[PDB]
Amino acid sequence: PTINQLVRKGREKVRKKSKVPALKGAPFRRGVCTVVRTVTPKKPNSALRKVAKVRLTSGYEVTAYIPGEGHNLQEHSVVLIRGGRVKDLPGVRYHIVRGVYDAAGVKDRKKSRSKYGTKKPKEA
Amino acid sequence: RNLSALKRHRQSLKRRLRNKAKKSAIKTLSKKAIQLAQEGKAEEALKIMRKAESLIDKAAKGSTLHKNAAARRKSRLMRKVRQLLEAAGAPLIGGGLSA
Amino acid sequence: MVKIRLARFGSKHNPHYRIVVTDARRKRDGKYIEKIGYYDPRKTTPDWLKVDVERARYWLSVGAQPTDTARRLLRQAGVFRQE
Amino acid sequence: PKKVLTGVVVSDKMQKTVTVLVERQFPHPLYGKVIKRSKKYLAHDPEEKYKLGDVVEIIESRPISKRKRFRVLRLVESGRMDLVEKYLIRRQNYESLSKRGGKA
Amino acid sequence: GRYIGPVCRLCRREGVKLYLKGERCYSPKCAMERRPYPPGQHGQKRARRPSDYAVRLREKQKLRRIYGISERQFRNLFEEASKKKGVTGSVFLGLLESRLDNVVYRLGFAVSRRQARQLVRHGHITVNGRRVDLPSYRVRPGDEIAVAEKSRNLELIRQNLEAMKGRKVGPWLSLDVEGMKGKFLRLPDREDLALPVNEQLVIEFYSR
Amino acid sequence: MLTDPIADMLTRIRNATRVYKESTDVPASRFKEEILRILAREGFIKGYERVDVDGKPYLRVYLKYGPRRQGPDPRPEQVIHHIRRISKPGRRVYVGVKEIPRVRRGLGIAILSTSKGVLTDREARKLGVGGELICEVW
RNA sequence: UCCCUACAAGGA
RNA sequence: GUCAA
RNA sequence: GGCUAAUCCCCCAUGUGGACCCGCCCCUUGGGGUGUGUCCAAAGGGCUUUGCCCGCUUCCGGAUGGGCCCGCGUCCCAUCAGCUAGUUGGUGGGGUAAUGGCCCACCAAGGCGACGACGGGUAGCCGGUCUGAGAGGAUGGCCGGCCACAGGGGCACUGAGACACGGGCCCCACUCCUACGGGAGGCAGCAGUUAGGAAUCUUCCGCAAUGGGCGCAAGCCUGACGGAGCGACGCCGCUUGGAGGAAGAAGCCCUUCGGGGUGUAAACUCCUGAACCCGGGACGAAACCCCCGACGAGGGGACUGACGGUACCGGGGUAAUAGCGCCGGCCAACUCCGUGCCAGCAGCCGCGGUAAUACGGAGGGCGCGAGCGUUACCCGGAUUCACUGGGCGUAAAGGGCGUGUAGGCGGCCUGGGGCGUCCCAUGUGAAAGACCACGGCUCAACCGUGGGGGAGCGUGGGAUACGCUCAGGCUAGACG
Ligand SMILES: [K+]
Ligand SMILES: [K+]
Ligand SMILES: [K+]
Ligand SMILES: [K+]
Ligand SMILES: [K+]
Ligand SMILES: [K+]
Ligand SMILES: [K+]
Ligand SMILES: [K+]
Ligand SMILES: [K+]
Ligand SMILES: [K+]
Ligand SMILES: [K+]
Ligand SMILES: [Mg+2]
Ligand SMILES: [Mg+2]
Ligand SMILES: [Mg+2]
Ligand SMILES: [Mg+2]
Ligand SMILES: [Mg+2]
Ligand SMILES: [Mg+2]
Ligand SMILES: [Mg+2]
Ligand SMILES: [Mg+2]
Ligand SMILES: [Mg+2]
Ligand SMILES: [Mg+2]
Ligand SMILES: [Mg+2]
Ligand SMILES: [Mg+2]
Ligand SMILES: [Mg+2]
Ligand SMILES: [Mg+2]
Ligand SMILES: [Mg+2]
Ligand SMILES: [Mg+2]
Ligand SMILES: [Mg+2]
Ligand SMILES: [Mg+2]
Ligand SMILES: [Mg+2]
Ligand SMILES: [Mg+2]
Ligand SMILES: [Mg+2]
Ligand SMILES: [Mg+2]
Ligand SMILES: [Mg+2]
Ligand SMILES: [Mg+2]
Ligand SMILES: [Mg+2]
Ligand SMILES: [Mg+2]
Ligand SMILES: [Mg+2]
Ligand SMILES: [Mg+2]
Ligand SMILES: [Mg+2]
Ligand SMILES: [Mg+2]
Ligand SMILES: [Mg+2]
Ligand SMILES: [Mg+2]
Ligand SMILES: [Mg+2]
Ligand SMILES: [Mg+2]
Ligand SMILES: [Mg+2]
Ligand SMILES: [Mg+2]
Ligand SMILES: [Mg+2]
Ligand SMILES: [Mg+2]
Ligand SMILES: [Mg+2]
Ligand SMILES: [Mg+2]
Ligand SMILES: [Mg+2]
Ligand SMILES: [Mg+2]
Ligand SMILES: [Mg+2]
Ligand SMILES: [Mg+2]
Ligand SMILES: [Mg+2]
Ligand SMILES: [Mg+2]
Ligand SMILES: [Mg+2]
Ligand SMILES: [Mg+2]
Ligand SMILES: [Mg+2]
Ligand SMILES: [Mg+2]
Ligand SMILES: [Mg+2]
Ligand SMILES: [Mg+2]
Ligand SMILES: [Mg+2]
Ligand SMILES: [Mg+2]
Ligand SMILES: [Mg+2]
Ligand SMILES: [Mg+2]
Ligand SMILES: [Mg+2]
Ligand SMILES: [Mg+2]
Ligand SMILES: [Mg+2]
Ligand SMILES: [Mg+2]
Ligand SMILES: [Zn+2]
């Protein structure tokens with residue numbers, strides 16, 4: 001565009017949209033479980049993916065993933081959402097943090113333990 | 001509770017009253033002067049005018065009306081009086097207006 | 001009134017004051033009017049005390065009132081000597 | 001120093017007061033292009049001396065009223081209705097924008 | 001802390017002999033002798049053409065692994081070197097070579113660097129007569145690095161300074177073997193050093 | 001009407017050189033001439049001279065080129081490789097002396113018009129002055 | 001669970 | 001009927 | 001209701017002087033001088049007690065602090081386009097320290113807007129900070145400056161100064177006391193409680209130091225401040241060992257069953273010796289004060305340490321924390337088993353349906369290390385809002401066409417002006433920060449001192465090529 005035009009209209013700074021309305025763009029938001037359903041993956045994939053409908057302290061109600069093999073969550077489990085979507089389930093954009101609240105930390109986990117919240121086992 | 005420095009409040013009231021008082025006087029004499037000055041009562045109006053002058057500067061001695069505030073008052077008065085008098089009769093008592 | 005006093009500029013357990021001219025009412029480490037010296041109370045340097053002896057004079061000349069500690073340092077730098 | 005600005009009188013419809021239009025040109029902060037903005041100042045004219053179309057000097061002054069902070073220093077030249085015209089026309093255009101517009 | 005673990009396993013990964021133990025890395029066994037290939041279950045398999053990245057990384061690793069410094073400390077020195085005037089490559093090298101724990105080694109007061117480290121940490125060393133227990137202390141030109149008076153009798157210091165009898169020392173360093181004291185004369189020139197490292201690749205590794 | 005007689009000239013010259021013409025005319029103006037003077041001095045062109053195409057003043061600009069060359073496309077090198085208009089009507093560009101640019105580490109030049117007259121970046125610099133940065137050339 | 005091919009479906 | 005190869 | 005002191009209040013005098021009216025002079029907005037008239041001063045106290053100290057009054061000035069005004073700059077929406085009655089200006093008043101619709105009476109009918117008025121949304125602003133090659137983007141915690149607020153709203157009193165966070169009055173909400181009439185209260189001070197939340201600490205020590213208030217001083221007050229406490233929250237330093245040691249233990253992992261790996265790693269020999277125990281043990285603190293001198297200059301003397309029996313010095317002295325992420329490509333690091341579109345991984349591309357370097361485990365490896373990862377947010381890469389630095393025939397993008405308003409842009413020659421533009425000098429650009437140098441804590445982080453910068457704006461002087469403007473001229477553009 002002409003300078004004159006740029007003078008008249010100028011360029012336009014465009015702002016990006018949050019992929020995580022876990023409000024107050026906090027790093028984590030606490031909630032309670034509505035449903036502890038199970039879901040099927042998208043196209044290329046196939047399996048029974050674990051999920052949860054969560055009522056947030058942020059006055060929000062969203063579905064969150066349950067990383068890990070183990071899992072002990074029920075219709076009233078207080079849990080901590082951490083944001084991070086599952087590319088396979090459209091509509092799932094937050095993971096649940098295993099190791100906080102009513103979310104037991106994956107058992108017999110010996111590798112990526114810090115994720116999945118699994119305390120160190122005594123080597124012996 | 002109980003901060004004895006509420007003594008400042010008692011004083012303010014006494015002071016307030018003491019101030020309020022001097023001012024009322026000032027006004028009443030000032031009005032009185034512009035009144036008589038406006039009626040050609042030269043000698044009488046100047047007489048009172050001087051009181052007002054005096055009372056004003058005195059007010060300015062302390063916190064009451066201290067300042068250029070005094071000056072303003074005096075000015076504005078010696079203004080109205082001399083004008084109202086010029087609108088008719090000669091300055092008899094030579095009050096405070098100068099030659 | 002305006003003063004000549006010490007402003008704290010060192011660090012924890014490492015004080016270093018700036019002999020300063022400032023309004024009595026300002027906070028101590030606040031915006032001063034002029035720096036006219038500095039003092040290392042622990043003489044960790046052969047230069048733990050310096051004073052713009054002329055400048056000090058100037059302010060004293062116009063009402064600057066020094067803290068007792070400030071006055072002390074000023075004297076030491078010979079701000080009051082006459083001979 | 002009290003600011004001295006030069007402008008053209010666009011209004012004398014006020015007792016002892018004339019509106020002085022004042023322009024200034026300058027580099028655009030990011031695009032360079034010398035752009036030219038303007039502003040109207042209500043200046044004091046106690047003698048009603050200055051007229052419409054006069055180019056005058058305006059000088060920073062002690063407030064004469066809320067909105068009036070300049071006095072007319074002097075006449076630089078006069079009779080430039082051309083400048084007045086522009087302003088008037090530009091103003092005409094206005095009421096020809098919103099749902100209240102009019103002429104072509 | 002420092003590395004603290006199998007050291008000759010690094011000589012092996014970098015394919016080039018490093019003197020982490022100093023001595024023994026001279027014997028018919030710095031391992032760089034028997035199995036001069038990478039550690040681990042695949043250390044003998046066919047190497048694969050390393051990536052431009054792989055290459056620089058490995059090269060930086062080598063250099064820093066020599067002085068046994070932490071990546072954090074390492075990186076901070078490098079940054080200091082960049083900001084500084086003169087060729088980052090060389091200057092950076094001068095700085096590494098100025099670490100006291102290093103100098104101590106260069107003067108032979110100790111056989112390896114790791115050993116020369118412990119010698120500083122344990123107060124056995126002195127700069128200008130004042131005890132200094134900071135491996136990272138930066139030795140400047142003029143500074144004389146001596147052995148702590150009170151420790152000039154340790155069996156270890158004996159042998160070490162003994163072996164230094166008739167032994168040569170870097171041009172930037174002087175060494176009076178009897179008085180168990182040395183002197184940092186000047187910062188070494190890239191030329192003075194003979195490191196199995198192309199510092200240039202490093203500067204690159206960090207410019208990424 | 002030409003919107004910008006300088007860009008026009010700069011261009012006639014750019015165009016003419018690409019088809020290796022010998023000379024090339026350009027409607028004359030003193031300012032325009034002043035520029036050629038530099039072009040000539042700097043040896044980008046053989047030189048110029050006034051003339052009258054139809055009793056109207058123009059300026060023949062005699063262009064220079066390199067020598068014929070080797071393999072395919074024996075066309076000579078251009079003496080004037082680059083020649084770009086900088087300040088333009090609708091976006092004038094002015095520079096202070098400390099901001100006169102350095103065209104190709106010196107291998108090139110910049111023509112600014114200053115109150116001390118039209119000069120090359122070095123000249124302007126030497127004479128301690130800035131002005132309108134007219135165009136660069138190399 | 002099996003038949004089908006890894007499934008869907010269909011079949012015992 | 002769908003995923004892949 | 002009664003008594004009473006004063007540095008409390010008032011009257012009279014004195015008038016250096018100052019205030020006000022009118023005149024005149026200089027100066028130019030209300031600055032300075034002068035004359036007449038008028039008006040205006042005061043507080044006493046202490047002694048080493050008859051002459052010094054603290055203080056009082058009027059005035060001129062200094063210094064510091066501050067009020068008010070002006071040019072320029074300061075986010076998003078035009079799915080906000082018209083806004084305005086104290087509104088704009090005037091005269092005369094009121095008000096103030098002071099200008100002003102600041103407020104009022106009356107007259108005039110104005111003022112503002114596309115250069116974005118009005119409306120809506122959001123927000124304390126700055127020095128700076130983060131990022132970036134830069135231009136720029138983002139940001140404003142800590143520290144320093146300015147503003148604003150002190151449960152919400154309004155108001156004034158006192159005073160040099162407040163419309164006053166720990167002053168006052170009223171209205172509202174809330175809590176509490178209540179003998180039901182009526183009262184008390186405001187932590188966005190320190191510390192702490194509770195609520196909310198993913199989340200943010202001691203109801204600590206001291207007044208020793210710096211600073212503040214009052215006092216002649218002694219000294220008192222000071223949750224300002226100087227310290228300690230808690231939290232890997234951050235930055236920096238440091239330790240978990242050093243040298244020797246097999247063609248190489250055992251176990252574990254692989255295997256072409258020959259062997260390869262973990263690996264000098266361990267064991268073990270020798271050495272030093274973090275922690276811990278003894279001893280010594282601080283700078284920060286020399287003033288105020290006192291004596292000499294003269295309550296001065298100068299000299300002499302005494303008192304005072306929270307931190308703390310801490311730092312640091314010396315003696316003795318144990319071989320004694322390692323974890324976390326990752327290993328399909330991008331990206332450093334590979335094998336076995338388990339599993340069988342399942343359980344699951346996943347930043348993007350993608351991986352798992354019987355031999356998966358991608359799932360889970362193990363061995364091995366890479367990276368970093370008192371940390372390592374994760375999530376969120378900011379700049380980068382992104383020349384992916386392009387000023388530097390992009391585009392629109394078919395990729396997203398030429399308005400369906402025209403007329404023409406504002407606006408942007410403007411051929412050739414001469415002259416004036418000097419607005420843009422360029423140059424010189426000068427003021428400004430606080431400190432901290434940033435950069436360089438030297439220096440103090442053993443280093444560093446941290447800190448001290450010194451040096452170099454700087455755009456923007458103000459002022460004076462200068463230049464005139466280009467742009468602008470004024471004046472004259474031309475004919476190549478345009479029109480006839
Ligand atoms: K004064
Ligand atoms: K001022
Ligand atoms: K900002
Ligand atoms: K900024
Ligand atoms: K010791
Ligand atoms: K050990
Ligand atoms: K694997
Ligand atoms: K980004
Ligand atoms: K279209
Ligand atoms: K249309
Ligand atoms: K001219
Ligand atoms: Mg732009
Ligand atoms: Mg799949
Ligand atoms: Mg009292
Ligand atoms: Mg009355
Ligand atoms: Mg008029
Ligand atoms: Mg007015
Ligand atoms: Mg460098
Ligand atoms: Mg061109
Ligand atoms: Mg070109
Ligand atoms: Mg079908
Ligand atoms: Mg499939
Ligand atoms: Mg009574
Ligand atoms: Mg009194
Ligand atoms: Mg007299
Ligand atoms: Mg009297
Ligand atoms: Mg008025
Ligand atoms: Mg007034
Ligand atoms: Mg108003
Ligand atoms: Mg405007
Ligand atoms: Mg608005
Ligand atoms: Mg807000
Ligand atoms: Mg960029
Ligand atoms: Mg409020
Ligand atoms: Mg309030
Ligand atoms: Mg509150
Ligand atoms: Mg309230
Ligand atoms: Mg008052
Ligand atoms: Mg209040
Ligand atoms: Mg309070
Ligand atoms: Mg809670
Ligand atoms: Mg704290
Ligand atoms: Mg104290
Ligand atoms: Mg004190
Ligand atoms: Mg108290
Ligand atoms: Mg504190
Ligand atoms: Mg924390
Ligand atoms: Mg060992
Ligand atoms: Mg004391
Ligand atoms: Mg790889
Ligand atoms: Mg399964
Ligand atoms: Mg994984
Ligand atoms: Mg650390
Ligand atoms: Mg960009
Ligand atoms: Mg984008
Ligand atoms: Mg562009
Ligand atoms: Mg594009
Ligand atoms: Mg298409
Ligand atoms: Mg298209
Ligand atoms: Mg078209
Ligand atoms: Mg037009
Ligand atoms: Mg032109
Ligand atoms: Mg024009
Ligand atoms: Mg001209
Ligand atoms: Mg000019
Ligand atoms: Mg400047
Ligand atoms: Mg300076
Ligand atoms: Mg500064
Ligand atoms: Mg040092
Ligand atoms: Mg500095
Ligand atoms: Mg100038
Ligand atoms: Zn080795």
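See the values below:
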| quantity | calculated |
| --- | --- |
| Filter result for residue F:136 (within 27 Å of residue D:27 (Cβ to Cβ), more than 14 Å from chain A (Cβ to nearest Cβ) and more than 13 Å from the chain's Cα centre (by Cα)) | no |
| Condition met for residue F:134 (crowded, with 17+ Cβ neighbours inside 10 Å and over 14 Å from residue F:42 (Cα atoms)) | yes |
| Set B:70, B:33: member being without any contact (Cβ under 8 Å) to a residue 40 or more places away in the chain and more than 16 Å from ligand 14 (Cβ to nearest atom) | B:70 |
| Hey, residue A:16 more than 16 Å from ligand 13 (Cβ to nearest atom), within 17 Å of the chain's Cα centre (by Cα) and loosely packed, with under 11 Cβ neighbours inside 10 Å or not | no |
| Test: residue F:41 is out of contact with any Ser or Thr (no Cβ under 7 Å at 6 or more places or on another chain) and farther than 30 Å from residue D:35 by Cα | yes |
| Residue match in region E:135-155 (condition: loosely packed, with under 13 Cβ neighbours inside 10 Å and under 27 Å from residue E:17 (Cβ atoms)) | no |
| Set A:89, A:73, A:48: member being within 16 Å of ligand 22 (Cβ to nearest atom), crowded, with 16+ Cβ neighbours inside 10 Å and not basic (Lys, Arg) | A:89 |
| Candidates E:136, E:112, E:98, E:90, filtered to the one that is under 17 Å from the mean Cα position of the chain (by Cα) and within 16 Å of ligand 72 (Cβ to nearest atom) | E:112 |
| Condition met for residue B:63 (in a loop (DSSP other than H, G, I, E, B), more than 16 Å from ligand 12 (Cβ to nearest atom) and touching a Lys or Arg at 6+ places or on another chain (Cβ under 8 Å)) | yes |
| Residue pairs meeting the criteria (Cβ under 6 Å; at least 6 apart or on separate chains; first free of Cβ contacts under 8 Å to residues at least 12 places away in the same chain, in region C:57-74; second part of a helix (DSSP H, G or I)) | none |
| Pairs with Cβ under 7 Å, 6+ apart, first in region D:49-72 and farther than 21 Å from residue D:23 by Cβ, second within 11 Å of RNA strand I (Cβ to nearest atom) and assigned to a strand (DSSP E or B) | D:63/D:69; D:64/D:44 |
| Single unsatisfied condition, residue D:30 versus (1) away from ligand 30 (no atom under 16 Å from the Cβ); (2) touching a residue at least 40 places away in the same chain (Cβ under 8 Å); (3) within 30 Å of residue F:89 (Cβ to Cβ) | (2) |
| In region F:86-98, the residues that are more than 14 Å from chain A (Cβ to nearest Cβ) and assigned to a strand (DSSP E or B) | F:94, F:95 |
| Filter pass, residue B:73 being away from ligand 30 (no atom under 16 Å from the Cβ), assigned to a helix (DSSP H, G or I) and surrounded by fewer than 15 Cβ atoms within 10 Å (Cβ to Cβ) | no |
| Pairs with Cβ under 6 Å, 6+ apart, first in region F:69-82 and in contact (Cβ under 8 Å) with a residue 40 or more places away in the chain, second basic (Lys, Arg) and loosely packed, with under 12 Cβ neighbours inside 10 Å | F:76/F:68 |
| Count of residues meeting criterion [more than 23 Å from residue B:21 (Cβ to Cβ) and β-branched (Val, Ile, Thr)] in region B:55-99 | 2 |
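Residue by residue, here is whether (1) touching a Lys or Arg at 6+ places or on another chain (Cβ under 9 Å); (2) touching a residue at least 24 places away in the same chain (Cβ under 8 Å); (3) of a type in the set (A, V, I, L, M) holds:
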{"residue": "E:18", "(1), (2), (3)": "yes, yes, yes"}
{"residue": "E:26", "(1), (2), (3)": "no, no, no"}
{"residue": "E:36", "(1), (2), (3)": "yes, yes, no"}
{"residue": "E:46", "(1), (2), (3)": "no, no, no"}
{"residue": "E:55", "(1), (2), (3)": "no, yes, yes"}
{"residue": "E:58", "(1), (2), (3)": "yes, yes, no"}
{"residue": "E:76", "(1), (2), (3)": "no, no, no"}
{"residue": "E:88", "(1), (2), (3)": "no, yes, no"}
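FYI, it's all coordinate maths here, none of it is from the lab. So basically every Cβ, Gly included, is an ideal-geometry build from the backbone, and we count neighbours across all protein chains shown.
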